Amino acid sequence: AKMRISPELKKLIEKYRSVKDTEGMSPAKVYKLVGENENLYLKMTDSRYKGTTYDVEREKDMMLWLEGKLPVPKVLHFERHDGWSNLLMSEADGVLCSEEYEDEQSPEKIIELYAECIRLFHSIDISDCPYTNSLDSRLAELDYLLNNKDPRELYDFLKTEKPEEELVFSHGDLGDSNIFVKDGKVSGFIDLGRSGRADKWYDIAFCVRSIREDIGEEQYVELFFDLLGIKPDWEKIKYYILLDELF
């Protein structure tokens, strides 16, 4: 009797065929809405995620702030309905990298796409960026996500020295599942809830990790930094991996 979508939004998407995303791994429910002339996407998160980097409302705000700055989907409609946050958006331009490229067996292109991402992020002025990510915000949120185990590794991590931060625009989940490409260039970024101001070594560390477990050769990592035009700080990179490895 009670719907998780407003009657008004249901009306609006009536003529699209809903196809739930069976890939995706976050707490969000994602549906492709297949239409006659185009496809939309509906992404929804439940109430307990309110105020987190998993709330689609944050995603929605970041998508709106990034317009003109990064290629992202358009926001078509957002609502809260009974504790749920619902975002209807346009389909990203291009082809999700991970599908049609990581299997094209050309590992230098992956590295370069990532370098190109980092470059794009570094050029964005974050003076009025609506969100900021810190060690504290990251920890708090982890606390909450676990509101309802072995502590040794947490305390080992917390004893570790935190590198001083240099804030840039940060994707926060930089990975080919969220990056779209088209005729060479980056054409789209999705999954933006964790995005905002953060230390530059956050995204770079993700890139190093992903190069390491999905390509598996140090010279590729060394190429990555040649592409970036900076030297690695392995201490900083190690730090943010550890952080993200607290499960």
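Don't overthink the numbering: it's just position in the shown sequence, from 1.
In the deposited entry, the stretch joining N148 to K149 is interrupted by 10 or more residues of the deposited sequence lacking coordinates. Between the stretches 138 to 146 and 84 to 92, it is 138 to 146 that shows the larger average CA temperature factor. According to the PDB record, 95 to 103 carries the higher mean C-alpha B-factor of the two stretches 95 to 103 and 151 to 159.
Of the candidates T45, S210, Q219, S26, it is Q219 whose Cα B-factor is highest according to the PDB record.
Of the candidates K60, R197, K32, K185, the deposited coordinates give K185 the top C-alpha B factor.
Sorting the modelled residues of the chain by their CA temperature factor places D128 in the highest third.
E165 sits in the highest third of its chain by CA B factor, as recorded in the PDB entry. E67: CA B factor in the middle third of modelled residues in this chain (values from the PDB entry).
When all modelled residues of the chain are sorted by CA temperature factor, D176 is found within the highest third.
Among all modelled residues in this chain, the alpha-carbon of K20 has a temperature factor (C-alpha) in the middle third.
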